[PDB]
Amino acid sequence: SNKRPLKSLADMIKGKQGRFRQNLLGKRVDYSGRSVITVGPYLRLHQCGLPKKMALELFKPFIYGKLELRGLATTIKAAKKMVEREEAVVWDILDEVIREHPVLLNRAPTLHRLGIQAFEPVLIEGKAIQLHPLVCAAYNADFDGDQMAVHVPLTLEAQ
Amino acid sequence: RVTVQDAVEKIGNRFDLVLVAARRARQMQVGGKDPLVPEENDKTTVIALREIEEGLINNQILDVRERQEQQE
Amino acid sequence: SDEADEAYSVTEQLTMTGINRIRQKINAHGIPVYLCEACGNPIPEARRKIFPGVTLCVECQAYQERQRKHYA
Amino acid sequence: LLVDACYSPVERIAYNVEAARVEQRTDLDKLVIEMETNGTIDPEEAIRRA
Amino acid sequence: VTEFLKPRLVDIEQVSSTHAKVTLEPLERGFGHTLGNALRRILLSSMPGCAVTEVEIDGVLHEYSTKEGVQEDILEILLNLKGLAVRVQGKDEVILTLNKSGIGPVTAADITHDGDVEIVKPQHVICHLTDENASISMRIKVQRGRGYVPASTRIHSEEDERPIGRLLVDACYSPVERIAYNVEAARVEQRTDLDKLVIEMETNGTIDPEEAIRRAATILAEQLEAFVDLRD
Ligand SMILES: [Mg+2]
Ligand SMILES: [Zn+2]
């Protein structure tokens with residue numbers, strides 16, 4: 001009901017709108033999120049300033065597990081309400097969960113494998129990711145409005 | 001833990017090191033075990049890697065301990 | 001990168017390659033030929049003093065320039 | 001034959017300033033003094049004397 | 001060696017109502033800049049003030065509206081009430097009332113005084129009644145704090161619940177706008193190397209310069225007492 005052809009089975013597989021191109025390799029991924037990078041020149045080469053809000057969103061299941069493990073939340077619903085109110089112990093649980101747990105920082109044109117690096121999150125205020133200065137050469141990132149995507153390794157093997 | 005150079009040197013490979021550390025950290029986290037090294041409030045990942053540093057952990061040791069566990 | 005710094009590099013390469021092509025076409029240092037390689041005519045003194053090493057008088061040169069203007 | 005005189009028993013003092021968060025105030029501050037003396041007084045003594 | 005001559009403030013100069021230049025005369029070599037930078041930082045940081053914290057205007061719901069007859073948006077009226085320079089005498093907060101009606105400007109002179117409150121600048125204009133009949137009235141809420149507490153961080157969740165017509169202005173409790181210290185050699189017959197410190201502090205009228213310096217030196221000696229003995 002248009003001027004354009006209909007899409008068919010061979011079309012459903014082939015073409016960049018096909019399955020192989022951008023549904024078999026390029027997929028949207030959970031436990032992830034992006035923000036706008038800033039300098040943070042005090043960090044070390046192994047850490048990145050993760051905003052408290054992105055960190056509280058990505059690490060949600062880990063935090064729920066912690067609150068129900070330590071007894072701070074009776075069931076997973078109570079923990080959900082705790083971290084929804086953002087109470088005072090969700091922050092201590094964030095510090096504990098994040099402690100040795102890298103985050104992958106990735107910038108859009110991944111020309112090489114240094115456009116992905118694992119950093120240890122350092123919780124910060126605000127909503128900008130703070131990226132080490134000596135890492136911009138690998139990332140090809142200047143601090144005039146570029147953005148970075150953080151992904152969270154989920155398994156021990158990926159950690 | 002910043003650089004894993006010593007853990008890599010003990011095992012002499014960088015993928016096998018990841019695998020050995022991951023299986024020992026799974027023992028130490030879910031299956032339940034005691035760190036052979038004093039954990040300074042570290043996750044099982046860093047504990048496993050530090051253990052591999054001190055020579056306390058590797059694949060030979062881990063399979064030997066599995067044998068001993070069966071003999072339990 | 002800023003998207004204008006790479007543009008700067010592109011413009012720099014473009015102008016430099018143009019400048020040096022139009023420079024190489026001059027061939028200032030050369031040989032005293034003294035007579036046209038097209039019509040054998042006397043290349044007048046002033047044209048050999050201006051362009052040391054000419055091979056064509058101004059007539060044959062302008063002729064060749066017309067053709068190489070179109071192409072081939 | 002007169003020599004420069006460093007009477008002050010500190011041979012080097014540098015201080016760095018990091019971040020601290022108490023429970024909610026995360027804009028707090030964490031002082032990290034680092035000093036060596038020549039031996040007349042230990043570092044903690046020179047600090048409190050100053 | 002023998003000992004340090006301890007500074008002491010020889011005089012204060014109220015060259016304006018707000019601008020003042022205090023002096024700390026006898027300072028050993030190298031203490032002009034130590035005391036001066038520390039004092040400027042404490043003063044520019046940690047000085048108590050009487051910021052107006054809320055306003056409740058009769059007939060207004062949010063800041064984004066217009067009162068019939070006064071030619072300022074409620075946004076702009078709140079922004080004019082921010083810089084209102086008020087010095088309370090007795091309480092750590094107080095509720096000024098401002099009634100006014102008729103054609104003309106509404107300065108800070110139009111607020112009724114509790115007697116414990118002193119508006120230092122009564123010419124400071126708040127709004128403009130541009131109607132023969134228009135009339136406005138506010139319950140400004142001055143209170144004493146320190147630093148800068150935006151309304152956002154002020155409203156964590158709430159005290160218990162806040163009615164619909166109560167606007168939270170952004171509080172800046174800081175009497176001082178400008179510090180500028182010069183250290184300069186002091187003509188003393190005893191020693192020549194001694195210098196005097198000269199602090200140009202620029203309050204907004206609600207902090208006496210002597211009390212400002214005394215409060216700074218107290219805030220500093222408190223931390224220095226925390227430093228004196230260690231401990232760990
Ligand atoms: Mg950019
Ligand atoms: Zn010719």
# chains A, B, ... in the order shown; residues from 1 in each chain; ligands from 1

$ select_by_dssp --residues "chain B" --states "alpha helix (DSSP H)" --output "number ranges by chain"
B: 5-11, 15-26, 44-53, 59-71

$ residues_around --residues "region 24-26 of chain B" --least-positions-apart "3" --cutoff "7 Å" --atoms "only C-alpha atoms" --output "PDB file with N, CA and C atoms, in the first residue's frame"
ATOM      1  N   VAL B  20      41.792 -20.237  34.822  1.00  0.00           N
ATOM      2  CA  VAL B  20      42.140 -20.767  36.139  1.00  0.00           C
ATOM      3  C   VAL B  20      41.601 -19.867  37.241  1.00  0.00           C
ATOM      4  N   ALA B  21      41.814 -18.560  37.115  1.00  0.00           N
ATOM      5  CA  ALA B  21      41.285 -17.628  38.095  1.00  0.00           C
ATOM      6  C   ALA B  21      39.773 -17.695  38.168  1.00  0.00           C
ATOM      7  N   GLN B  29      33.436 -18.447  45.487  1.00  0.00           N
ATOM      8  CA  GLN B  29      32.265 -17.592  45.596  1.00  0.00           C
ATOM      9  C   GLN B  29      30.985 -18.387  45.785  1.00  0.00           C
ATOM     10  N   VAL B  30      30.710 -19.315  44.870  1.00  0.00           N
ATOM     11  CA  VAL B  30      29.434 -20.020  44.887  1.00  0.00           C
ATOM     12  C   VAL B  30      29.583 -21.382  45.535  1.00  0.00           C
ATOM     13  N   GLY B  31      30.498 -22.202  45.022  1.00  0.00           N
ATOM     14  CA  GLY B  31      30.683 -23.523  45.594  1.00  0.00           C
ATOM     15  C   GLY B  31      31.100 -23.467  47.049  1.00  0.00           C
ATOM     16  N   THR B  44      36.029 -12.268  44.843  1.00  0.00           N
ATOM     17  CA  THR B  44      36.651 -13.558  44.561  1.00  0.00           C
ATOM     18  C   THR B  44      37.580 -13.483  43.361  1.00  0.00           C
ATOM     19  N   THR B  45      37.330 -12.551  42.446  1.00  0.00           N
ATOM     20  CA  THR B  45      38.204 -12.366  41.294  1.00  0.00           C
ATOM     21  C   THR B  45      39.620 -12.015  41.725  1.00  0.00           C
ATOM     22  N   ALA B  48      41.356 -14.728  43.745  1.00  0.00           N
ATOM     23  CA  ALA B  48      41.860 -15.799  42.899  1.00  0.00           C
ATOM     24  C   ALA B  48      43.142 -15.384  42.195  1.00  0.00           C
TER      25      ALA B  48
END

$ residues_around --residues "residue 22 (chain B)" --least-positions-apart "2" --cutoff "12 Å" --atoms "only C-alpha atoms" --output "JSON, numbers by chain"
{"A": [155, 156, 157, 158, 159], "B": [15, 16, 17, 18, 19, 20, 24, 25, 26, 27, 28, 29, 30, 43, 44, 45, 46, 47, 48, 49, 51, 52, 57, 58, 59, 62]}

$ interface_residues --of "chain E" --to "chain D" --cutoff "9 Å" --atoms "only C-alpha atoms" --output "VMD selection string"
chain E and resid 224 227 to 230

$ write_last_selection --atoms "C-alpha atoms" --output "PDB file, in the first residue's frame"
ATOM      1  CA  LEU E 224      44.713  23.255  63.785  1.00  0.00           C
ATOM      2  CA  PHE E 227      45.993  18.674  63.821  1.00  0.00           C
ATOM      3  CA  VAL E 228      48.135  19.504  66.857  1.00  0.00           C
ATOM      4  CA  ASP E 229      48.015  16.041  68.395  1.00  0.00           C
ATOM      5  CA  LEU E 230      47.974  12.774  66.456  1.00  0.00           C
TER       6      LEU E 230
END

$ closest_residue --among "C:67, C:24, C:61, C:17" --to "ligand 2" --atoms "only C-alpha atoms and all ligand atoms"
C:61

$ interface_residues --of "chain A" --to "chain C" --cutoff "8 Å" --atoms "only C-alpha atoms" --output "PyMOL selection string"
chain A and resi 140-142+144

$ residues_near_ligand --ligand "ligand 2" --cutoff "10 Å" --atoms "only C-alpha atoms and all ligand atoms" --output "JSON, numbers by chain"
{"C": [35, 36, 37, 38, 39, 40, 41, 42, 43, 44, 55, 56, 57, 58, 59, 60, 61, 62, 63]}

$ write_last_selection --atoms "N, CA and C atoms" --output "PDB file, in the first residue's frame"
ATOM      1  N   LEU C  35      67.824  27.103 -29.259  1.00  0.00           N
ATOM      2  CA  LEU C  35      67.006  26.993 -30.463  1.00  0.00           C
ATOM      3  C   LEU C  35      65.790  26.109 -30.226  1.00  0.00           C
ATOM      4  N   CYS C  36      64.664  26.458 -30.845  1.00  0.00           N
ATOM      5  CA  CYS C  36      63.399  25.800 -30.542  1.00  0.00           C
ATOM      6  C   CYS C  36      63.424  24.341 -30.965  1.00  0.00           C
ATOM      7  N   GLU C  37      62.874  23.472 -30.117  1.00  0.00           N
ATOM      8  CA  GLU C  37      62.761  22.059 -30.461  1.00  0.00           C
ATOM      9  C   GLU C  37      61.525  21.761 -31.294  1.00  0.00           C
ATOM     10  N   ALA C  38      60.737  22.778 -31.627  1.00  0.00           N
ATOM     11  CA  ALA C  38      59.597  22.579 -32.512  1.00  0.00           C
ATOM     12  C   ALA C  38      59.895  23.109 -33.907  1.00  0.00           C
ATOM     13  N   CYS C  39      60.315  24.367 -33.996  1.00  0.00           N
ATOM     14  CA  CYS C  39      60.550  25.012 -35.278  1.00  0.00           C
ATOM     15  C   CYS C  39      62.005  25.409 -35.483  1.00  0.00           C
ATOM     16  N   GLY C  40      62.896  25.032 -34.569  1.00  0.00           N
ATOM     17  CA  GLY C  40      64.290  25.408 -34.660  1.00  0.00           C
ATOM     18  C   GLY C  40      64.565  26.892 -34.589  1.00  0.00           C
ATOM     19  N   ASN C  41      63.551  27.718 -34.350  1.00  0.00           N
ATOM     20  CA  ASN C  41      63.709  29.151 -34.395  1.00  0.00           C
ATOM     21  C   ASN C  41      64.632  29.616 -33.285  1.00  0.00           C
ATOM     22  N   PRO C  42      65.138  30.841 -33.386  1.00  0.00           N
ATOM     23  CA  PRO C  42      65.912  31.405 -32.281  1.00  0.00           C
ATOM     24  C   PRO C  42      64.988  31.755 -31.127  1.00  0.00           C
ATOM     25  N   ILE C  43      65.087  30.988 -30.050  1.00  0.00           N
ATOM     26  CA  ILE C  43      64.442  31.372 -28.807  1.00  0.00           C
ATOM     27  C   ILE C  43      65.104  32.670 -28.374  1.00  0.00           C
ATOM     28  N   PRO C  44      64.394  33.799 -28.387  1.00  0.00           N
ATOM     29  CA  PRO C  44      65.036  35.087 -28.099  1.00  0.00           C
ATOM     30  C   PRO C  44      65.697  35.107 -26.731  1.00  0.00           C
ATOM     31  N   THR C  55      62.421  24.946 -23.944  1.00  0.00           N
ATOM     32  CA  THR C  55      62.566  24.108 -25.119  1.00  0.00           C
ATOM     33  C   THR C  55      61.700  24.573 -26.276  1.00  0.00           C
ATOM     34  N   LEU C  56      60.774  25.497 -26.043  1.00  0.00           N
ATOM     35  CA  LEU C  56      59.881  25.974 -27.082  1.00  0.00           C
ATOM     36  C   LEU C  56      59.877  27.489 -27.079  1.00  0.00           C
ATOM     37  N   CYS C  57      59.764  28.081 -28.261  1.00  0.00           N
ATOM     38  CA  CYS C  57      59.489  29.501 -28.324  1.00  0.00           C
ATOM     39  C   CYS C  57      58.078  29.766 -27.813  1.00  0.00           C
ATOM     40  N   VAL C  58      57.735  31.046 -27.690  1.00  0.00           N
ATOM     41  CA  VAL C  58      56.453  31.387 -27.088  1.00  0.00           C
ATOM     42  C   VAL C  58      55.303  30.936 -27.969  1.00  0.00           C
ATOM     43  N   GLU C  59      55.502  30.912 -29.285  1.00  0.00           N
ATOM     44  CA  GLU C  59      54.434  30.481 -30.180  1.00  0.00           C
ATOM     45  C   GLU C  59      54.149  28.996 -30.022  1.00  0.00           C
ATOM     46  N   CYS C  60      55.182  28.158 -30.118  1.00  0.00           N
ATOM     47  CA  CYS C  60      54.976  26.722 -29.958  1.00  0.00           C
ATOM     48  C   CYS C  60      54.535  26.388 -28.542  1.00  0.00           C
ATOM     49  N   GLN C  61      55.018  27.142 -27.558  1.00  0.00           N
ATOM     50  CA  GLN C  61      54.581  26.912 -26.189  1.00  0.00           C
ATOM     51  C   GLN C  61      53.097  27.187 -26.030  1.00  0.00           C
ATOM     52  N   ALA C  62      52.622  28.328 -26.529  1.00  0.00           N
ATOM     53  CA  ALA C  62      51.203  28.635 -26.405  1.00  0.00           C
ATOM     54  C   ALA C  62      50.360  27.651 -27.204  1.00  0.00           C
ATOM     55  N   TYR C  63      50.864  27.225 -28.362  1.00  0.00           N
ATOM     56  CA  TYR C  63      50.184  26.183 -29.114  1.00  0.00           C
ATOM     57  C   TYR C  63      50.000  24.940 -28.262  1.00  0.00           C
TER      58      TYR C  63
END

$ residues_near_ligand --ligand "ligand 1" --cutoff "12 Å" --atoms "only C-alpha atoms and all ligand atoms" --output "CSV table (one decimal) with N, CA and C atoms, in the first residue's frame"
chain,number,residue,atom,x,y,z
A,36,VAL,N,28.1,11.5,28.8
A,36,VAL,CA,29.0,12.5,28.3
A,36,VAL,C,30.3,12.5,29.1
A,37,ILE,N,31.5,12.3,28.4
A,37,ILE,CA,32.7,12.1,29.2
A,37,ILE,C,33.3,13.5,29.5
A,38,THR,N,34.0,13.5,30.7
A,38,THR,CA,34.7,14.7,31.1
A,38,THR,C,36.1,14.2,31.5
A,107,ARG,N,33.9,3.7,22.8
A,107,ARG,CA,33.4,4.9,22.0
A,107,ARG,C,33.1,4.4,20.6
A,108,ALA,N,32.3,5.2,19.9
A,108,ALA,CA,31.5,4.7,18.8
A,108,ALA,C,32.4,4.1,17.7
A,136,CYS,N,42.7,9.1,26.1
A,136,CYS,CA,42.0,9.7,25.0
A,136,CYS,C,42.6,9.3,23.6
A,139,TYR,N,41.2,6.1,22.7
A,139,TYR,CA,39.8,6.2,22.3
A,139,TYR,C,39.5,7.2,21.2
A,140,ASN,N,40.5,8.1,20.9
A,140,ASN,CA,40.3,9.1,19.9
A,140,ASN,C,39.2,10.1,20.4
A,141,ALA,N,39.2,10.4,21.7
A,141,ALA,CA,38.2,11.1,22.4
A,141,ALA,C,38.7,12.4,22.9
A,142,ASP,N,38.1,13.5,22.5
A,142,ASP,CA,38.3,14.8,23.1
A,142,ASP,C,37.2,15.1,24.0
A,143,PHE,N,37.3,16.1,24.9
A,143,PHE,CA,36.3,16.4,25.9
A,143,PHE,C,35.4,17.6,25.5
A,144,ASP,N,35.1,17.7,24.2
A,144,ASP,CA,34.2,18.7,23.7
A,144,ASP,C,32.8,18.2,23.3
A,145,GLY,N,32.4,17.2,24.1
A,145,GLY,CA,31.0,16.7,23.9
A,145,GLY,C,30.9,15.3,23.4
A,146,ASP,N,32.0,14.5,23.3
A,146,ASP,CA,31.9,13.1,22.9
A,146,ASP,C,31.2,12.4,24.0
A,147,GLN,N,30.7,11.2,23.7
A,147,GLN,CA,30.0,10.3,24.7
A,147,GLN,C,30.6,8.9,24.7
A,148,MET,N,30.5,8.3,25.8
A,148,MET,CA,31.0,6.9,25.9
A,148,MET,C,29.9,6.0,26.4
C,1,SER,N,40.1,15.8,17.9
C,1,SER,CA,40.0,15.8,16.4
C,1,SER,C,39.2,17.1,16.0
C,2,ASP,N,38.1,17.3,16.6
C,2,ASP,CA,37.3,18.5,16.5
C,2,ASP,C,36.6,18.6,15.2
C,3,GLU,N,36.9,17.8,14.2
C,3,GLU,CA,36.3,17.8,12.9
C,3,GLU,C,36.7,19.0,12.0
C,4,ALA,N,37.4,20.0,12.6
C,4,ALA,CA,38.0,21.0,11.8
C,4,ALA,C,39.5,20.9,11.7
C,5,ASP,N,40.1,20.1,12.6
C,5,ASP,CA,41.5,19.8,12.6
C,5,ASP,C,41.9,18.9,11.5
C,6,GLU,N,41.0,17.9,11.3
C,6,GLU,CA,41.2,17.0,10.1
C,6,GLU,C,41.0,17.7,8.8

$ closest_residue --among "C:10, C:16, C:72, C:54" --to "residue 29 (chain C)" --atoms "only C-alpha atoms"
C:54

$ interface_residues --of "chain A" --to "chain B" --cutoff "10 Å" --atoms "only C-alpha atoms" --output "JSON, numbers by chain"
{"A": [44, 45, 46, 47, 96, 97, 98, 99, 100, 101, 119, 120, 155, 156, 157, 158, 159]}

$ interface_residues --of "chain A" --to "chain D" --cutoff "12 Å" --atoms "only C-alpha atoms" --output "list in words"
residues 40, 41, 42, 43, 52, 86, 87, 88, 89, 90, 91, 92, 95, 122, 123, 124, 125 and 126 of chain A

$ closest_residue --among "A:149, A:93, A:118, A:56" --to "residue 71 (chain A)" --atoms "only C-alpha atoms"
A:93

$ decode --residues "region 8-19 of chain C" --atoms "N, CA and C atoms" --output "mmCIF file, in the first residue's frame"
data_model
loop_
_atom_site.group_PDB
_atom_site.id
_atom_site.type_symbol
_atom_site.label_atom_id
_atom_site.label_comp_id
_atom_site.auth_asym_id
_atom_site.auth_seq_id
_atom_site.Cartn_x
_atom_site.Cartn_y
_atom_site.Cartn_z
ATOM 1 N N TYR C 8 41.635 20.755 8.425
ATOM 2 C CA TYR C 8 42.850 21.518 8.224
ATOM 3 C C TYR C 8 43.910 20.681 7.542
ATOM 4 N N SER C 9 44.119 19.460 8.024
ATOM 5 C CA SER C 9 45.103 18.590 7.386
ATOM 6 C C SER C 9 44.774 18.358 5.915
ATOM 7 N N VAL C 10 43.500 18.120 5.601
ATOM 8 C CA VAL C 10 43.106 17.906 4.207
ATOM 9 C C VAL C 10 43.437 19.119 3.362
ATOM 10 N N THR C 11 43.077 20.309 3.839
ATOM 11 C CA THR C 11 43.346 21.516 3.070
ATOM 12 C C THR C 11 44.840 21.751 2.909
ATOM 13 N N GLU C 12 45.614 21.453 3.946
ATOM 14 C CA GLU C 12 47.056 21.616 3.868
ATOM 15 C C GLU C 12 47.643 20.717 2.797
ATOM 16 N N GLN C 13 47.244 19.446 2.783
ATOM 17 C CA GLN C 13 47.746 18.537 1.763
ATOM 18 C C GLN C 13 47.345 18.994 0.373
ATOM 19 N N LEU C 14 46.098 19.431 0.210
ATOM 20 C CA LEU C 14 45.618 19.877 -1.093
ATOM 21 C C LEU C 14 46.441 21.046 -1.617
ATOM 22 N N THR C 15 46.583 22.102 -0.811
ATOM 23 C CA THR C 15 47.325 23.267 -1.280
ATOM 24 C C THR C 15 48.781 22.928 -1.523
ATOM 25 N N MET C 16 49.401 22.142 -0.640
ATOM 26 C CA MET C 16 50.817 21.839 -0.817
ATOM 27 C C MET C 16 51.062 21.040 -2.083
ATOM 28 N N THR C 17 50.238 20.026 -2.343
ATOM 29 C CA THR C 17 50.436 19.240 -3.550
ATOM 30 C C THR C 17 50.211 20.084 -4.800
ATOM 31 N N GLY C 18 49.235 20.992 -4.773
ATOM 32 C CA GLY C 18 49.079 21.904 -5.896
ATOM 33 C C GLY C 18 50.278 22.815 -6.085
ATOM 34 N N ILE C 19 50.750 23.421 -4.993
ATOM 35 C CA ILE C 19 51.867 24.360 -5.053
ATOM 36 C C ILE C 19 53.086 23.687 -5.634
#
